[PDB]
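Shown next, in structure tokens, is the structure this report addresses.
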Amino acid sequence: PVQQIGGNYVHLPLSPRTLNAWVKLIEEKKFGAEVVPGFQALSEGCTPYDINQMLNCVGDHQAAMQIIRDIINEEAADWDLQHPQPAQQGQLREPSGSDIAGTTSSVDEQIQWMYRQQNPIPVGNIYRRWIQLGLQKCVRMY
């Protein structure tokens, strides 16, 4: 997530312990249900970068990544259209679907987007609850 240093916002990364307590939620509960909110709780206030950091920690128990990516693109699609860029220079770009998901953006951008004065956009808590929707998918598969 992010910490404010004198009116300025700086990425504070996820403490190791804060990933552990999460990797453990799977391997000890292995999806199911207790993870949908479990994740949501850890997910609180993160950037797209952070969310990603979490997932890579469990690309071994990976039989579920494929369907989550499915919804991300499904919604990224819904996004690259409804709110398009639609275009520049100097000013930071408008966040596409690949941006919001953290795959074509830096964390600086993601913060630059979450906390801009003129029209701030919560990429964290947007992409965040794509992950939420893609997870119920997983859940039912049980």
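Given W22, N52, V2, which one lies farthest toward the positive end of the charge dipole of the chain, if we put +1 on the Cβ of every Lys and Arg and -1 on the Cβ of every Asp and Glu?
Looking along the dipole axis, the top candidate is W22.
Name the residues whose placed amide hydrogens come within less than 5 Å of the amide hydrogen of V2, ignoring near sequence neighbours (fewer than 5 apart) on the same chain.
Those qualifying (amide H under 5 Å, at least 5 residues apart or on another chain) are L12.
Which net charge results when you count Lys and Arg as +1 and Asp and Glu as -1 among the other residues whose beta-carbon is under 14 Å from that of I68?
+2
How about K24: which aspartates and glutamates have a C-alpha closer than 16 Å to its C-alpha, ignoring those fewer than 8 places off in the same chain?
Qualifying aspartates and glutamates at Cα under 16 Å: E34, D60.
To the nearest Å, what is the center-to-center distance of the stretch 24-44 and the stretch 53-100, using C-alpha atoms only?
Taking the Cα centre of each part, the stretch 24-44 and the stretch 53-100 sit 21 Å apart.
Taking θ as phi - 60°, what are the ³J(HN,Hα) couplings along the stretch 3-12 by the Karplus curve (6.51, -1.76, 1.60), each to the nearest whole Hz, with x for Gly and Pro?
Values per residue, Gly and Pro as x: 10, 8, 10, x, x, 9, 9, 10, 4, 8 Hz.
To the nearest 20 Debye, how big is the dipole of the chain about its Cα centre, given +1 on the beta carbon of each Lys and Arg and -1 on that of each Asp and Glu?
For the chain, the charge dipole is close to 320 debye.
Excluding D99 itself, calculate the net charge of residues whose Cβ lies under 11 Å from the Cβ of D99, where each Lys or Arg counts +1 and each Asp or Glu counts -1.
-2
What net charge do the residues around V35 carry, taking every other residue with its C-beta under 14 Å from that of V35, with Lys and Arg at +1 and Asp and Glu at -1?
Spelling it out: positives minus negatives among the neighbours equals +2.
Place +1 on the Cβ of every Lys and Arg and -1 on the Cβ of every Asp and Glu in the chain, take the dipole about the Cα centre, and give the residue among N119, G97, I68 whose Cα lies farthest towards its positive end.
Of the candidates, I68 comes out farthest on the positive side.
Readers should treat all values here as calculations from the given coordinates under stated rules, not as data from a laboratory. Reconstructed Cβ throughout: ideal geometry from the backbone, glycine too, with neighbour counts over all protein chains shown.
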